[PDB]
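Have a look at the structure below, then the notes.
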Amino acid sequence: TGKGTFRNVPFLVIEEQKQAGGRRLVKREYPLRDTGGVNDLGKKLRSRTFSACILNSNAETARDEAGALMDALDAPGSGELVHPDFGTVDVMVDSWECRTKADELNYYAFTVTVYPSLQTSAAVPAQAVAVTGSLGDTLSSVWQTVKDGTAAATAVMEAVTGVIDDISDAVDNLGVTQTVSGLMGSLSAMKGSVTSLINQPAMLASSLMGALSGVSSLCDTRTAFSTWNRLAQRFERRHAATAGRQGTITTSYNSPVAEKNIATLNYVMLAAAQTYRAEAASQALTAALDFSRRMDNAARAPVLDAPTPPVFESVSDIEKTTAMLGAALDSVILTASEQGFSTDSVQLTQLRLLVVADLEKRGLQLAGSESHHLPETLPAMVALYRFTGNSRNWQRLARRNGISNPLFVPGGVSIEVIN
Amino acid sequence: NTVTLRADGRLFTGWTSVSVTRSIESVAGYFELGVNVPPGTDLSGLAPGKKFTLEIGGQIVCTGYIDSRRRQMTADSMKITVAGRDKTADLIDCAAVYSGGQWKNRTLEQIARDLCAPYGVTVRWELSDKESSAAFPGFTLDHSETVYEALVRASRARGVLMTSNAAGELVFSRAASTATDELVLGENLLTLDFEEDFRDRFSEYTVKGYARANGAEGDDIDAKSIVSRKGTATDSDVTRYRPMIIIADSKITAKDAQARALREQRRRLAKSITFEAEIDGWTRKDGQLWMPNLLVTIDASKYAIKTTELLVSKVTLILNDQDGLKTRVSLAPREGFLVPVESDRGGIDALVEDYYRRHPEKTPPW
Amino acid sequence: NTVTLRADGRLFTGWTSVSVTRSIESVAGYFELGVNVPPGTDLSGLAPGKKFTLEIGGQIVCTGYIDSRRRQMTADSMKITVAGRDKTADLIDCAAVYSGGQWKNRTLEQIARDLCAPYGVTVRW
Amino acid sequence: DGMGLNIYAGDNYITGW
Amino acid sequence: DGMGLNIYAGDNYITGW
Amino acid sequence: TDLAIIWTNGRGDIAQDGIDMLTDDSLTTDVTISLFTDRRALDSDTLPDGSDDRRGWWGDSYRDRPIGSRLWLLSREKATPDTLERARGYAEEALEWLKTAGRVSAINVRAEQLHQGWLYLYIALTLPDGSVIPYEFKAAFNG
Amino acid sequence: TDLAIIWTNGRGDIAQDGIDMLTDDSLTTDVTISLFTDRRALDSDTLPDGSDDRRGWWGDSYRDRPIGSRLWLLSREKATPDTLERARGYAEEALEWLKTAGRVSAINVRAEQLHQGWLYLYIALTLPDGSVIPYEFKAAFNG
């Protein structure tokens, strides 16, 4: 019927209608050579324009309609345009006209042009810092002083010395390759000065978190996950042993404040170790993806040349690691719901969500990973060039699926090919 | 999002062209607006010497005094502008006035608070270091020296960098720690510019000067160690020899020497690598304005660029007719705006200091 | 008559714009080239600090180290450049290092040969 | 004036002296 | 930059001093 | 001097000649390899099979150029001029690289339908002055 | 694998299956949500009611995209081709967010008047090669 409306104001289409817009190109021509380069940067806007006419035999209703369309064409913002050629769309005006010929007593002819209207991994370290700070604040706040000569002081001293011994064993395992003498001496001094630290709660927690950060300052991206896993297991043994004995006739002999001061310390140490482990896992994923990014993807002729932990390479290993991290952090949050409550739990939940989301997104790459069913055993190079178009990353196809010999990719099983 | 210039007495809302500048490499932030009025009206409220407060939307960006007002008219066109800086710029061109030039045993914050008293500028100290607060064994004032010159000399000696706050105060700023925003090439960039020159970066900076021998230390220090002082800071980015020797600025010990040598190395690192971008919106992703001293994550991988995190160094907001709403944001590596104590990511005291340095929101023991 | 830049490892032949300078009123000769590559390719042979040798045709004009590399791209254009000076320009911005600051009875050639020893530049009289 | 305004504004990194 | 490059290059005739 | 692609029973294999494999240093091997090896089909192209697999070579991303020709797209066709024009275009685009280099001067290829059920291509390449006299043979059948 | 929407008596709701609610991981729930939830009407649109409230969701300013479809503007229409054209356009606009992503390849929607008093919409998508098999049901009545 040739009827179209702008901001629900009618008009009847007339002689001309067009659309235009293509790809933005940069065209460079190299001097003293025949070849030239052409590159694409995005897509140009669609500069759709049309013409319309408004006539009525009343010769005054025509003026009213023309004025209404003028008012609806000059207005702030973007309004919908209905057009037989274009269809419903949101655009903004750029210009128009009302050329009437002073002889055509009923004719008003507009012409309009319109344009369309304009419409995690980096957040893990901050959450780790916040969790460590909250744990330190909780420990100092809940730590209580005890008399010097009683058996409660002896028990607390033994537990603190054991914790320092565990950290010392971790540093000693680290020091086979590196120089850890300064941290070892600091830990020895801390162990020697235990009785001073027991009475002052803030200094004890501050020194313990400083020691944990010092341990973290020696670990490369290769050994961080392994060392933090070992420390997490070591602290988990102590926490389980001291928490499994809740009510016993021999546990009745122990002082209550000493037991509280021991349980809080054990939980805080365990939670801190687990948080550093999760952050290390995320960093290992980042390192692996950077290693993958290092390789080029462009077709290049070969030239004569003359000059992540293994647990994070496969896909089932990543699945198992994600399951382990989720279960461990959920249990830690459930424990924190009692001893050491408040932010401790709120912060661990946030960290677990962030870390699990990071592992699920980057580790498994569920967006651009297809599953195929090979009909026969093929080399990774062929089986990847057939499905993607580049055989450069033939190592990753043979490594993610867990194949030992890359030539004999197994035939009748699902293969995870990254596009 | 209207730019209101609270002058003396009343508000002024509409403008023809707006340009605001802010940076941490400077002690003031200048603005320039354009006013179009019928020929013959009165523009008194916009006069040199008036007390202005610029307010973008509902937030204040600059505060201080108006500097210049240009009016021109030809046979075809007519143009009126207006300018101005912060109230911290009142120190830049004003000579420091104090009764006794020499301060015997004072810290940088106390010296600054004693020097910025007659004008009205309030000093703000943000660093929580234990070595940046070390007092000067003696600090004299060259006569006819501006407050800017004296405080910049002292800040260079200490390694701290001075800057003007958004409320007109003086600030001894601290670099940011948490990555808050993301700039990528595919989503929210209209234009990038990555310059990487190595015409200034050297390998081994080394500073030499004279020891302290005035008064109490004069009965102790021998003759040779008065003249023999040294400090070194080595860079690992330049693989050739490329040394540099710096004659010191004041009386210098070994720890002070290394401090300035590092300050010099980090300033060269900041001045070498530079990123520039033109984003579309004045406001941030969360919603606030774009301001300096922010740690952003750069994801310009499509142009083969391997930088991951940068720190904003200069933000200029524009409201031209040909431009629209734009803000040209410049980025420099964070490791160039740090104090010599801290580093970019031997006892119980060291462990506690490391903990309270990793967690700045905590209260130190002091 | 092709301008080849013997960067560290391999040759680079085609360019988009070449500007070389030489003079006797100066202690160096600077060169500036313009490179054009698809967005995303690796440009690591042209990095600051590399050892470059410009060879026009079969003859060498400049030799030294690369100084700067600019990369920019806007909504409708893309420009990458590269710069550099001689190895003699290493002396201009580097502070002289010698043990005894005083030479008692020496000629200019000997003083220059004692001063330009640590860097690698050879003095010619 | 790009540099001519950096003088009227402060420069916490000195240009000379 | 005609003069701004002569500073970075050598100048056997000293501009000042 | 590489091996020679000898055509027997519709497919081309290497063959012995006296002691070792027969050798050939001419444009014949280059042409018969650049014409009758399947290169990767584009994203928009439709395939003669009912499948979704595009041929090619795993080493295409290691040799600066796609290896062969797209004449495998005409595995199943009916006798219409569209197929003849498409075959002409595919042969031209497969053999263009020789003319882009200096090894040939001009290429003229025509397509025709011979005796019912025969696609026929006449390809004429103009060798330059210094080119060696190329090999010539005829496909043979046995057993 | 979210909850599935089952249509009974001309209205949809979640349903139980054995122990807990029945699940669905397909395009069926996405389509039946993107089509049959009222999104905010524009400023200039004329509502079918005599009122002046534009239906939407309080989360429309929290979810980066308007939620549903503007098919509710055709609550009371007569049998004219304009309503059919508008319904076709509204369905296209509602479901184009799928084609913007890579979840569907093409969309073909037509509007018709079947047996008197029927607004028939035929929407045919083209799922890609890797998409999971969508759910399958028919509207049901009871009581």
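Read-outs throughout are calculated quantities, based only on the coordinates presented, and are distinct from any laboratory measurement. When we count neighbours, we look across all protein chains shown, and the Cβ atoms used for this are built from the backbone with ideal geometry, even at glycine.
If you go through segment B:260-298 one residue at a time, how many are of a type in the set (A, V, I, L, M, F, W, C) and in a helix (DSSP H, G or I)?
So the count comes out to 4.
Quick check on my filter: what residues within segment A:52-90 are closer than 16 Å to A:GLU16 by Cβ and either among the β-branched types (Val, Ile, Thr) or part of a loop (DSSP other than H, G, I, E, B) (or both)?
A:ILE54, A:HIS83, A:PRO84, A:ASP85, A:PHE86, listed by residue number.
Okay, residues lined up against (1) closer than 20 Å to B:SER272 by Cβ; (2) crowded, with 16+ Cβ neighbours inside 10 Å:
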{"site": "B:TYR205", "(1), (2)": "yes, yes"}
{"site": "B:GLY209", "(1), (2)": "no, yes"}
{"site": "B:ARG212", "(1), (2)": "no, yes"}
{"site": "B:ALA216", "(1), (2)": "no, no"}
{"site": "B:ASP219", "(1), (2)": "no, no"}
{"site": "B:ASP237", "(1), (2)": "yes, no"}
{"site": "B:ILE247", "(1), (2)": "no, no"}
{"site": "B:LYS251", "(1), (2)": "no, yes"}
{"site": "B:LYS255", "(1), (2)": "no, no"}
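Quick grid of which residues meet (1) hydroxyl-bearing (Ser, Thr, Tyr); (2) within 14 Å of chain E (Cβ to nearest Cβ); (3) part of a strand (DSSP E or B); (4) surrounded by fewer than 15 Cβ atoms within 10 Å (Cβ to Cβ):
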| site | (1), (2), (3), (4) |
| --- | --- |
| C:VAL18 | no, no, yes, yes |
| C:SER23 | yes, yes, no, yes |
| C:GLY29 | no, yes, no, no |
| C:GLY34 | no, no, yes, no |
| C:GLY40 | no, no, no, yes |
| C:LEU43 | no, no, no, yes |
| C:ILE60 | no, no, yes, yes |
| C:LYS79 | no, no, yes, no |
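Within segment C:81-103, take every residue that is assigned to a loop (DSSP other than H, G, I, E, B), more than 8 Å from every other protein chain (Cβ to nearest Cβ) and surrounded by 18 or more Cβ atoms within 10 Å (Cβ to Cβ) and give me the one that is farthest from the chain's Cα centre (by Cα).
Among those residues, the one meeting the criterion is C:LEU91.
Filtering segment F:50-69 down to residues that are aromatic (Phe, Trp, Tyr) and at the interface with chain A (Cβ under 7 Å from one of its Cβ atoms), which residue is farthest from A:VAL382 (Cα to Cα)?
Only one residue tops the list, namely F:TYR62.
Of all residues in segment A:271-295, which are farther than 16 Å from A:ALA224 by Cα and buried (at least 18 other Cβ atoms within 10 Å of the Cβ)?
Result: A:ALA271, single match.
For segment A:101-159, what are the residues that are within 30 Å of A:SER47 (Cβ to Cβ), in contact with an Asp or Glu (Cβ under 6 Å, 6 or more places away or on another chain) and within 14 Å of chain B (Cβ to nearest Cβ)?
A:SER117
Do you know which residues across segment F:94-121 are outside any loop (DSSP other than H, G, I, E, B) and either of a type outside the set (A, V, I, L, M, F, W, C) or over 16 Å from the mean Cα position of the chain (by Cα) (or both)?
Hits for segment F:94-121 are F:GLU96, F:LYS99, F:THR100, F:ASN108, F:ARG110, F:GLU112, F:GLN113, F:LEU114, F:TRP118, F:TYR120.
Could you tell me whether B:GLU276 is away from chain A (no Cβ under 14 Å) and either among the acidic types (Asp, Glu) or surrounded by 15 or more Cβ atoms within 10 Å (Cβ to Cβ) (or both)?
The answer is yes for B:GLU276.
I'd like the residue in segment C:104-125 that is among the charged types (D, E, K, R) and over 22 Å from the mean Cα position of the chain (by Cα) and, out of all such residues, is farthest from C:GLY64 (Cα to Cα).
Per the stated criteria, the residue is C:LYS104.
If the requirement is being more than 17 Å from B:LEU189 (Cβ to Cβ), within 14 Å of chain A (Cβ to nearest Cβ) and of a type outside the set (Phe, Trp, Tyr), which of these qualifies: B:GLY336, B:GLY347?
B:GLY347
For A:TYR108, state whether it is in contact with a helix residue (DSSP H, G or I) (Cβ under 6 Å, 6 or more places away or on another chain) and either surrounded by fewer than 19 Cβ atoms within 10 Å (Cβ to Cβ) or closer than 17 Å to A:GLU15 by Cα (or both).
Against the criterion (in contact with a helix residue (DSSP H, G or I) (Cβ under 6 Å, 6 or more places away or on another chain) and either surrounded by fewer than 19 Cβ atoms within 10 Å (Cβ to Cβ) or closer than 17 Å to A:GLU15 by Cα (or both)), A:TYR108 qualifies.
Please specify each residue of segment B:104-119 satisfying the condition of being touching a helix residue (DSSP H, G or I) at 6+ places or on another chain (Cβ under 8 Å) and part of a loop (DSSP other than H, G, I, E, B).
B:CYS116, B:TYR119
So B:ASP200 fits all but one of (1) at the interface with another protein chain (Cβ under 10 Å from one of its Cβ atoms); (2) more than 31 Å from the chain's Cα centre (by Cα); what number is the exception?
(2)
All but one of (1) surrounded by fewer than 16 Cβ atoms within 10 Å (Cβ to Cβ); (2) under 23 Å from the mean Cα position of the chain (by Cα) hold for B:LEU190; state the number of the condition that does not hold.
For B:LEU190, the exception is condition (2).
Surrounded by 18 or more Cβ atoms within 10 Å (Cβ to Cβ) and hydroxyl-bearing (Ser, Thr, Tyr): does that describe A:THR242?
no
Pick out the one residue from G:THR29, G:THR46 that is more than 14 Å from chain A (Cβ to nearest Cβ) and either in a loop (DSSP other than H, G, I, E, B) or touching a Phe, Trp or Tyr at 6+ places or on another chain (Cβ under 9 Å) (or both).
Result: G:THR29 is the single residue among G:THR29, G:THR46 that is more than 14 Å from chain A (Cβ to nearest Cβ) and either in a loop (DSSP other than H, G, I, E, B) or touching a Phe, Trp or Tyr at 6+ places or on another chain (Cβ under 9 Å) (or both).
Looking only at segment B:299-327, count how many residues are within 14 Å of another protein chain (Cβ to nearest Cβ), in a loop (DSSP other than H, G, I, E, B) and either of a type in the set (D, E, K, R) or within 19 Å of the chain's Cα centre (by Cα) (or both).
Qualifying residue count for the region: 3.
So which residues in segment B:321-344 are surrounded by fewer than 16 Cβ atoms within 10 Å (Cβ to Cβ) and farther than 22 Å from B:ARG158 by Cα?
Those that are surrounded by fewer than 16 Cβ atoms within 10 Å (Cβ to Cβ) and farther than 22 Å from B:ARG158 by Cα: B:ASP321, B:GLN322, B:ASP323, B:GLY324, B:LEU325.
Considering A:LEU378, A:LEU384, A:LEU374, which residue is within 14 Å of chain F (Cβ to nearest Cβ), crowded, with 17+ Cβ neighbours inside 10 Å and closer than 30 Å to C:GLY9 by Cβ?
From the options A:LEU378, A:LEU384, A:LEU374, the qualifying one is A:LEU384.
Go through segment B:62-74 and give me each residue that's surrounded by fewer than 20 Cβ atoms within 10 Å (Cβ to Cβ) and assigned to a strand (DSSP E or B).
B:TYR65, B:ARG71, B:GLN72, B:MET73
Can you name every residue in segment B:1-60 that is over 19 Å from B:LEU289 (Cα atoms), touching a strand residue (DSSP E or B) at 6+ places or on another chain (Cβ under 8 Å) and among the β-branched types (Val, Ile, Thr)?
Scanning segment B:1-60 gives B:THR16, B:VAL27, B:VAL35, B:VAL37.
Would you check if F:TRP97 is surrounded by 16 or more Cβ atoms within 10 Å (Cβ to Cβ) and closer than 26 Å to F:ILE6 by Cα?
No, not satisfied.
Name the residues in segment A:1-51 that are in a loop (DSSP other than H, G, I, E, B) and either in contact with a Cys (Cβ under 9 Å, 6 or more places away or on another chain) or closer than 21 Å to A:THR61 by Cβ (or both), would you?
Across segment A:1-51, the qualifying residues are A:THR1, A:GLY2, A:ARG7, A:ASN8, A:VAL9.
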